[PDB]
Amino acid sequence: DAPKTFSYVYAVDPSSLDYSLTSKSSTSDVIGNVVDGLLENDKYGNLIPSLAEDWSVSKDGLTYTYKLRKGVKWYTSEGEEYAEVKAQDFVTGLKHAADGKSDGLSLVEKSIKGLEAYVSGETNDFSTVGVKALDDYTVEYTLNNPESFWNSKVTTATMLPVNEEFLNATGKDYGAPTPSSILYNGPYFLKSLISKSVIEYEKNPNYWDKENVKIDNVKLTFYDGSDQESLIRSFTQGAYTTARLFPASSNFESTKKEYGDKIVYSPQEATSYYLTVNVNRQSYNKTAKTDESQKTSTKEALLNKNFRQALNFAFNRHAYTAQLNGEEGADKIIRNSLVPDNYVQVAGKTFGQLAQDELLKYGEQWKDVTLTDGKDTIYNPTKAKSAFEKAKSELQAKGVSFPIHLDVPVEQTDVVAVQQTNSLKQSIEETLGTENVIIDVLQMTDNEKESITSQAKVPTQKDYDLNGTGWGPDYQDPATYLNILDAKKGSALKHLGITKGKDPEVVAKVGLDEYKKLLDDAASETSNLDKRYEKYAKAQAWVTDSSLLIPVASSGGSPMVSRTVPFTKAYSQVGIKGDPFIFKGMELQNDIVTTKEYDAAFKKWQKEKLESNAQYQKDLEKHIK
């Protein structure tokens, strides 16, 4: 349901309940809950009607008139009806503040006409002061000067109403620090006021605005400041509704990890996911195209490198991976390469660092593109439109018809895959415009999607224009990734519609023959790791530029909570000795690992892993004999 009791603390006892005579907040903090004035504040600070249901100010700004609500009663400490709140109770309160030498008078002493002369003593009768009860329900204030901020003063303790009969009947005991010494017309009764112990309010069931009083009981235990941690301790046990924390105390950091974020996203792993562009499709059993003019224009468009690059630059990876992971986890799985950035290294430089240095040769469009993990560096609508206009003119000189239709199958029963593909259609069509490119998302069963993609071994059966797939490593060398596009044995050629031994026509068109020379020149380096990894980085740059394997994401990046000490476990990306279920070296702890501790441990591990692998590689020389 919803709680109706509020429990917290207070720090200063009220020495007096006479709100007319003192405005120290140790009194007002009680009185503001139990005694109402002319106006209130809403949740936005606006001065809204309280005991005055309406108010007006004269044209000259000197006269303020308040129309009171009629059915409002004063109530005793015991809850018994005393009398009806009348306009004269506002003359009484202000007259009591003057006669009683109140400390809260300087806000209105020189504003209310004739009041300053009455407090100084040069008049002895209150009739001259600019507060009048024109009738039982009309309070009128007259000021010396116009005050645009006057209404902000009517919510002070000095300006509250006081019943004259009760004031004189109780006499010297009026305003004593006990609940029986004042009368109540506000949202709450003061049920208990025990010095250096407790303050208790209970909702007044006859309050005129009882429906806005949503907390029925309020209890404030006395807090001396001797134990700053009693509050967060009581809150954790459920005794307090709220708890102030103190950043300077010796215990703040422990409090921070107990109530801080604990969800962490595992580091990205070695499997790389990408989209395969079918540049040699001869199966159209599942297409949205109608003409052969559309099939032809699509086939020529996909063979154009500028057109594949325009698709690449137009694809919003964050929106695509926000559908599978979180919005907070969307960047945690993005990969802009095929070989992971740090899969190997030479002289402290990661493979992605090497591959990026070879990438700008292919054109200015690769400026600022880093072949890294964690953030989409490829998506660029400006670059995508610039790439497409170049493709548009090349194709338009070949009788190509626009828009280009692109079939992308997806399993209808896979909600995330549908949402992801719909986002792919969205980002590309938004960037390139639907008069240019149309992504035809074809939803279908598990098996027909599978029958035209993953179990369509024969390339001539691959029935799509774009499809998502992945690849993971088998040995600690870039070739385990980069060999999948090998013109004669590459396993990824069937996903592009290319058979391993045929199609020299298509292989030459997409440039896979130039890639083949890059593969063999890199493979020839059997000993020199520097030359070897430099030459494979040239191959990765070709893949990035080719846009045949439009990168999407990696494995890993899954959210989790854990009491495992992170980055103590043995680590590997090939073999079995660093797999996820390897427990040698792993440490456990009693407390949940917080997100901040995990991210600080990850950055330190990243820094140490770089140094360790580099020192290890230098030490490979000592194992020669």
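For every residue, the number given is its place in the sequence shown, counted from 1.
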Highest mean C-alpha temperature factor of the two stretches 331 to 339 and 180 to 188, which is it?
180 to 188
Check the entry's C-alpha temperature factors for 80 to 88 and 377 to 385, then say which stretch has the higher mean.
80 to 88
Per the coordinate record, which of the options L324, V552, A541, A243 holds the highest CA temperature factor?
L324
Among the choices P161, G472, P459, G352, identify the one whose CA B-factor in the record is greatest.
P459
So, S612's CA B-factor, relative to its chain, sits in which third? The middle
Taking the values exactly as deposited, rank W150 by C-alpha B-factor within its chain and report the matching third: lowest, middle or highest.
middle
Pull the Cα B-factor of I263 out of the PDB entry and bin it into the chain's lowest, middle or highest third.
middle
Per the entry's values, where does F315 land by CA temperature factor relative to the rest of its chain, in the lowest, middle or highest third?
middle
Assert third(CA B-factor, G171) within chain per record equals highest
